[PDB]
Amino acid sequence: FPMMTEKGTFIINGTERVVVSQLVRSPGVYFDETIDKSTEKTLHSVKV
Amino acid sequence: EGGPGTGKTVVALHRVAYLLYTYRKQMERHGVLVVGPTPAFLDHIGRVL
């Protein structure tokens with residue numbers, strides 16, 4: 148298993164590499180409202 | 198449904214105005230449909246709204 152050094156980096160095949168954090172949408176439940184393209188009405192939706 | 202001479206029309210127009218004002222924020226996109234022999238109700242809606 149590759150191990151992290153005291154500097155917060157990895158060594159792979161002699162090269163020094165860094166794994167950057169990733170911003171991702173959390174596994175929540177999200178409600179939203181949008182404007183219909185055709186009728187211009189307000190459409191409410193939710194996705195889990 | 199009021200009988201003759203009771204002026205139910207005025208009460209109906211006032212009720213329509215009150216309802217459309219109170220729920221205006223959730224009716225400005227759905228719209229309002231007026232059905233009847235004459236558009237007098239639409240005339241009042243335009244007059245007040």
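These protein sequence lines are chains C and H, in that order. To convert, count from 1 in the first sequence and add 147; that's the authors' numbering. To convert, count from 1 in the second sequence and add 197; that's the authors' numbering. C-beta atoms are modelled at their ideal positions from N, C-alpha and C, and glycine is treated no differently.
Quiz item: Do you know how far the Cα of C/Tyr177 is from the Cα of C/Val167?
Solution: Here residue 167 of chain C corresponds to residue number 20 of the first sequence, with the count starting at 1. Here residue 177 of chain C corresponds to residue number 30 of the first sequence, with the count starting at 1. Cα to Cα, C/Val167 sits roughly 27 Å from C/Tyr177.
Quiz item: Apart from the five residues on each side of it in sequence, which residues of its chain come closer than 7 Å, Cβ to Cβ, to H/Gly199?
Solution: Here residue 199 of chain H refers to the residue found at position 2 of the second sequence. Excluding positions up to five away in sequence, the list reads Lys205.
Exercise. Classify C/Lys194 as helix, strand or coil using the three-state DSSP reduction.
Key: Here residue 194 of chain C corresponds to residue number 47 of the first sequence, with the count starting at 1. DSSP places C/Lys194 in strand when its eight states are reduced to three.
Quiz item: Taking Cβ positions only, does C/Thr181 come closer than 9 Å to chain H?
Solution: Against the first sequence, residue 181 of chain C aligns to sequence position 34. Not an interface residue.
Self-check item: C/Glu153 at chain H interface by Cβ criterion, 9 Å
Solution: In the first sequence, counting from the first residue as 1, residue 153 of chain C sits at position 6. C/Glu153 does not count as touching chain H.
Practice problem: Using a threshold of 9 Å, state whether the C-beta atoms of H/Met224 and H/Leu230 are closer than that. | Solution: Indexing the second sequence from 1 puts residue 224 of chain H at position 27. Indexing the second sequence from 1 puts residue 230 of chain H at position 33. Their beta carbons are not under 9 Å apart, which means H/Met224 does not touch H/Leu230 by this criterion.
Quiz item: When you check each C-beta in the region 222-234 of chain H against every C-beta of chain C, which residues fall closer than 9 Å?
Solution: Result list: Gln223, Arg226, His227.
Quiz item: Hey, quick one: how far does the alpha helix (DSSP H) through H/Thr219 stretch, first residue to last?
Solution: Mapped onto the second sequence, residue 219 of chain H falls at position 22. In the DSSP annotation of this structure, the continuous segment of the alpha helix (DSSP H) that includes H/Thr219 starts and ends at 205-219.
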